[PDB]
Structure formats: C-alpha cells, structure tokens
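Colleague: First, the structure itself, so that you have it in front of you.
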Amino acid sequence: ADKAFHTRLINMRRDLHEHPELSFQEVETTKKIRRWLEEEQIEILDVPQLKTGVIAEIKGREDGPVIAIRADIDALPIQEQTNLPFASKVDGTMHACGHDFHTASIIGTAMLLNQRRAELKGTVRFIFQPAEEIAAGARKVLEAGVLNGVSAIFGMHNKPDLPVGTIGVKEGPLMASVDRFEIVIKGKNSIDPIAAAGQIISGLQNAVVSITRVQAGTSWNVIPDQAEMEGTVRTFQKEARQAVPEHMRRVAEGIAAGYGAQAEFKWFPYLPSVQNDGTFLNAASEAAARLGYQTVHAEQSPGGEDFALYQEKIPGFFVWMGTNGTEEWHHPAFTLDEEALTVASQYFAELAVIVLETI
Amino acid sequence: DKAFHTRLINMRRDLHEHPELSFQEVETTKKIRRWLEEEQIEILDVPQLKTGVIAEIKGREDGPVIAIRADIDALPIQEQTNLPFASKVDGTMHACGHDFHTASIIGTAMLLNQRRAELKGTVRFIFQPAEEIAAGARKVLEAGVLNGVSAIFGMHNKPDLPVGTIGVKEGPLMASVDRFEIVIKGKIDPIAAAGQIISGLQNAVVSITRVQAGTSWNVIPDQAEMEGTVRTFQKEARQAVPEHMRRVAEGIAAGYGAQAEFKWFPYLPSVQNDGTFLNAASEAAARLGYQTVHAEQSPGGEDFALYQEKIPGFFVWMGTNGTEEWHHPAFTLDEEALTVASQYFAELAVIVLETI
Ligand code: NI
Ligand code: NI
Ligand code: NI
Ligand code: NI
C-alpha cells in the first residue's frame, strides 16, 4: 500500500479542495471525513455539540495516556485563481491555506495508526476542527470536553517556503498572540481630539502595534467631538502581552490629557501565542529521523493560530510541514506539493508512537 | 420717536417668529418687499434672485451709487430663549441676528426715504439670502446688482459690545475660509503617515475636522484621508498656506513610502475693510452721539467678503448687548440697538456719498 495509499490521500485532498466550505459551514466536509474514517473502521466519537468537525479515536492494546492530533477543516471567502483541474467548484470560496491538505494528511495518519495499534502505548484522539480561520473552532472543541483526559496535543501547518520532506521544529513561541484594542478620544478652544489622535498614532504605532482603523468626524466645517481608533497587538512572550496594554493606555491617557481631552482604552483578547513544549522537542526530531525526513529550526510567524488555545490548557507541539509552495497563505494562487501528504501522514503516525512511549 | 422704534421692533419680531433657512427665505422675502413698498420705496426687479430683495433710494442730485447690505436667512437650530416671539418653526431660529440686520436696514431705508435732498447720489439696499452657507453674496454678484456700485457697507451684531457702540477697523476683520482634502496611499503605512501629517500642521489656522482610514480591525488599510478648514487674515498668507501644506503632506508621505494627494477648495476670502471709509465710519457715530471702538477680529467667515474683492467696502460690528455667542440656541439681542444701527447707516450713507 504505497502508491495506492498515496493516491487515496491525494483524492481526499482534492475532493475537499474542490468542494471547500467556510468556518462553521463545513457540513459536507464533516460528512466526507466521517465516511472516510468509518471505511477503515476507525471509531468516531459522538460529540453532538459539534455540528461540524469530527472527533475520532484509535486505542492501543495497552491502557495508557491519551494524546491528540489536530487538523483544521475550514476554507476561505476568496476566489480561486490556480486554474487547477480540481480547483474549487464553489466560486468565491477556496482552500487557500492548505486545510484540505492538513485534513487529508491526518486522515492518512489515522489510517496508518489503525494498522499499528499494538505499537500504541495508549490512545490517539483525532480532532478535525472547524472554524480555525475565525479563531472560534478550538474554543468550541475545548468546551465540548474533547480534551478531557488528554496529556498532549500535536498539530501542523503547511509551510510553502519549506521543501517537501522537511519539518519545521522549535520549542517555545512559534506564532504571535493576537489581540484587539480600541481607543476613543473625547473632550470633557472647545476641544482638539484630532491633534490628540495624531500624536497617539505616532506614539503607539518587542510587540508590534498595528493600527488598522481611524475614524473622526463627518464634515469639513464641523469640529468633531470624538476620535476613535482600533487595531491589533502582536507579541511572542506572555509577559509582553500582559505589559503592552497598560503601556498603550499610559501613552494614550497622557497625550490626551495634554490636549484637554480624555482617552478610553478597550482591550479585547483574541489569541494567545502558539507556545511549543520542550518535552516533545526530542520526539519531534526523532520522528523525522526515523523516516529519513529532515528538520530545520522553525522560523516564527506573525499570524495567529487557534491551536494556541489548546496549549493554554495542556502541553503541545505545533510544527511547520514543508510543502514547496509558490504563494503565501491566503493568496488566490496558493499551491502545495502533494508529495507532502506522504511526509505528513507518516510523520504524525511515527510521532504518536514515539510520544506515547515516553509520555 | 417711540412709534418708529415700535415699528422696527415689530418687523424684527415678525421675522424672528417666522425664520427661514438659506434659499428658503420665501416668506421673509415677501415681508421685506411689503414693508418697503408701504413707504413707496422702489423695489428693483431682479428675476434671477428667487429670494432676496433689492431696493433703491435716489438722491435729488445725480452721483455715485453705494450699497447697504443685510442678510436674511436663519439657522437649523431649535430656539431655547422662551421669548414670546420665539420661532414658531421647530428646529429653525434666527440664532445669528439676521432678523435684526434686516429690520435695521429697512429702518435705514425708511429714514433715508425722507432724506433724499441730502443724498448726493444713490443708495442700493441688498437683502441677501443664504449668508450662512456663503452662497448668497455670489448670487447677488452674478445677478449684476453691483454693476455701477462704487462702495458697499454691512454690519454684524456683536453681543459682547454695548448698545450705541460700533466696532470699526481698516483691513482684515474676519478670517478667510478654505476647504482642503488629503489622501494618503501606496506608491507602506498610511496611518503612521496620516498621524504624522496631522501633527505636522494641526498667522494661519489649520483645523483637521475629518479623518478616515481602514474598515475592519484585521485588515491592513490601503489609504488614509483627511478633510479640514484653513483660516487666514492676510491675502498673501491665504495663497502661501496650501503650498506649504502640500510640501509637509507629500514629504511625510514619502517618508513612509506613500503618496499624498492634496486637493484645495476655496470657500471665502477674508473681510477686508477699505481705509478710505474709516473716517466716514467714525464721523457717522460721532454726529449721532454713538461710540466707536477698534474692532476685534473674528475667526468666522462672512460672504460679505466676496463683495469686497470686487468693490471697496466697509463692514462694522454693531453692539447689541447679548449674552450668548452667534449660533447658540439661547442667542439674544438688545432691541434698542435697532435705533442705533438704522440711524448709523442712514448717516453713513449721507456722509459716504458726499465724500467718496
Ligand atoms: Ni489561514
Ligand atoms: Ni491555516
Ligand atoms: Ni451665522
Ligand atoms: Ni450672521
């Protein structure tokens, strides 16, 4: 089962890529995943609270710890521009982030581990998670009790800039925290909230502050009472994430007071940083070594992944999967080399066996 | 006499009771027409002016023609005075004292009507619509009402000044008003450029009144845009400031690898009082026992300025012993100033026509 198994992985990837679904709307995707696992008699867990998304489980022949392997299943509201034979048949929707690839790979992993139950010193729970793109699915999975009793969680993201056969590996911070902020500048010379707003932009913009919206006034003649701005903060360390809002507040409050105005600062947490546990570092390396694949030191990503929400609760490891792509995530012409389907399915199957040996 | 003062008060109050917005001064137009026609004062036929009244009083000797102007439009503001003659139209009031300007100048006309032998030339009366939107003075000019007019005079009530006091000065009285628009875009951080441009410009006064950038808290913005006003007092400073603002805007924008497009929209020039009438303005107060003070400048704009770029003109402050500033819902006015203003402009016309 070499070429036959690979073609089976390719065909699943392409079926999903051809029929992409948006966050929380993955009805058919959920249906296909369920069917594909039941084909190989892999137990599917009953989680009625998850309308979309699939939870599966493979038990070893010994009692042991439970670990989890996660794939994301949702696509994006973007028109595909690849001109591939299996391109989205749904105009304006596309798997432009390779989640079709993640899904097919982890189904592969389940299929390989299904024939290797005697090697498993415990249980692997498979998580096919909806709504990664809106950072809402991981929270739904957690609240469904899917991670109760789970010791460790593992995941991947395709990395177009890395070659096939290469897995990106680092301990600690991999992907940035994402947080929303809003500042309203109003009075108490009538008032100058605009001048205040201008200095605060220059004052605010280890963390990266990105102001994305500024709105003050309606007409050229009338002096505005308010000025509002909003944006995101991105950090890599936990303390930086806890120290920047107060620093941003102090700056906004001080500048505004200089102009006879007052500042309202609002903070809305979105995502913690993807933080990799160093206890799995050795396992992540030896899994690639056993299969003759390569590892590189993972470069950090400015993006946020809701996989980080899992890692707030239990130890976890998230890796880059080299896919030799042409465009970055979310591009209309985004591609991936399907040879990585063998790499990724085998990698997580071997990682699961290795982790359960030592965990 | 009390009867004539009662008459001006009643016209003031009737217009106050029924205020009309810019270019909607239909009822106001007809009342002014009637009131002048009851005194056999000639109304000139100007078909193109739908609202507004042009009137004329000829002296008994041929000579120059001068104009005396009042504005007639009100504002979309709810009256909070609680006066018996408060606006009957909810959400509209004479919060800028244009009812007073109108009643006073009708007074001036009614006085000068009985002084035809003293007038060495002609006086034309302009009851101008749409002052508040700076559109009426241009319409008056386009209708040829100032063809052959040598000088123009006007007033505005000044609540801070006492009754019997006229605010007089040569040169710039009120600021010019100009509109500008800046767009910051890629040839790259538009917001940082925008924040820096705001700081880089917010005798001229620049007021950014409008800022827009981005749509959603996730999406990186492609462009930022600003709108605002520029106010100047000198003619050279009005021309130099947009070139200066363009340099700062494009400079900073290039710093952040962006582009700044600067658009300019002229609204009003400054009110510039011709010095040749300074003496006449002082003499008219003196002969009547009224006081003059050196007029303090105003940040606001008046479309009377448009007349002044065509012909020599003089705009004065009329003391009205008020409490609240122009445009305030509780804006008031001391009616005894109707005697002062109507008499002042009668005498000024007689003095101007013999000295110009
Ligand atoms: Ni994505
Ligand atoms: Ni993704
Ligand atoms: Ni006004
Ligand atoms: Ni006014």
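Note that chain B is numbered according to Swiss-Prot, with residues 3-189, 200-214, 226-379 shown in order.
Structure method, as recorded: X-ray crystallography, 2.4 Å.
Each Cβ is built from the backbone N, Cα and C atoms, and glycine gets one as well.
As listed in Swiss-Prot for this protein:
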BINDING   B:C98, B:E134, B:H350  Ni(2+) 1 binding site
BINDING   B:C98, B:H100, B:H158  Ni(2+) 2 binding site
Colleague: Which binding-site residues among B:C98, B:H100, B:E134, B:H158, B:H350 have CB under 6 Å of ligand 2?
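Modeller: Close enough to ligand 2 is none of the binding-site residues.
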Colleague: Ligand 4 is in the model; which of the binding-site residues B:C98, B:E134, B:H350 have a C-beta less than 6 angstroms from one of its atoms?
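Modeller: Result: B:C98.
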Colleague: Count the other Cβ atoms sitting within 10 Å of the Cβ of B:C98 (Ni(2+) 1 binding site), across every protein chain shown.
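Modeller: By my count, 23.
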Colleague: How many whole Å apart are the CA atoms of B:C98 (Ni(2+) 1 binding site) and B:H158 (Ni(2+) 2 binding site)?
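Modeller: Cα-Cα distance, B:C98 (Ni(2+) 1 binding site) to B:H158 (Ni(2+) 2 binding site): 9 Å.
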Colleague: When neighbour density is defined as the number of other C-beta atoms within 10 angstroms of a residue's C-beta, which of the binding-site residues B:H100, B:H158, B:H350 has the lowest density?
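Modeller: The binding-site residues B:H100, B:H158, B:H350 were compared, and B:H350 has the fewest Cβ atoms within 10 Å.
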Colleague: Around the Ni(2+) 2 site formed by B:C98, B:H100, B:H158, which additional residues qualify by having Cβ within 8 Å of the site's Cβ center?
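Modeller: These residues sit around the Ni(2+) 2 site: B:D73, B:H96, B:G99, B:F102, B:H103, B:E133, B:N159, B:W349.
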Colleague: So the entry has no coordinates for 10 residues flanked by B:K189 and B:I200. How far apart are their C-alpha atoms in Å?
Modeller: 8
Colleague: So, three-state DSSP: helix, strand or coil for B:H100 (Ni(2+) 2 binding site)?
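Modeller: For B:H100 (Ni(2+) 2 binding site) - judged by DSSP and reduced to three states - the answer is helix.
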Colleague: Quick one, can you pull the C-alpha distance from B:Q214 to B:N226 in angstrom, nearest whole number? The 11 residues in between aren't in the model.
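Modeller: Both gap-flanking Cα atoms are 13 Å from one another.
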Colleague: About how far apart, in whole Å, are the alpha carbons (Cα) of B:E134 (Ni(2+) 1 binding site) and B:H100 (Ni(2+) 2 binding site)?
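Modeller: Checking the Cα atoms of B:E134 (Ni(2+) 1 binding site) and B:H100 (Ni(2+) 2 binding site) gives a distance of 10 Å.
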Colleague: Let me know how many other Cβ atoms fall within 10 Å of the Cβ of B:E134 (Ni(2+) 1 binding site).
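Modeller: I get 19 for this one.
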Colleague: On the three-state reduction of DSSP, what should I expect for B:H158 (Ni(2+) 2 binding site)?
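Modeller: Reduced to three states, the DSSP call for B:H158 (Ni(2+) 2 binding site) is strand.
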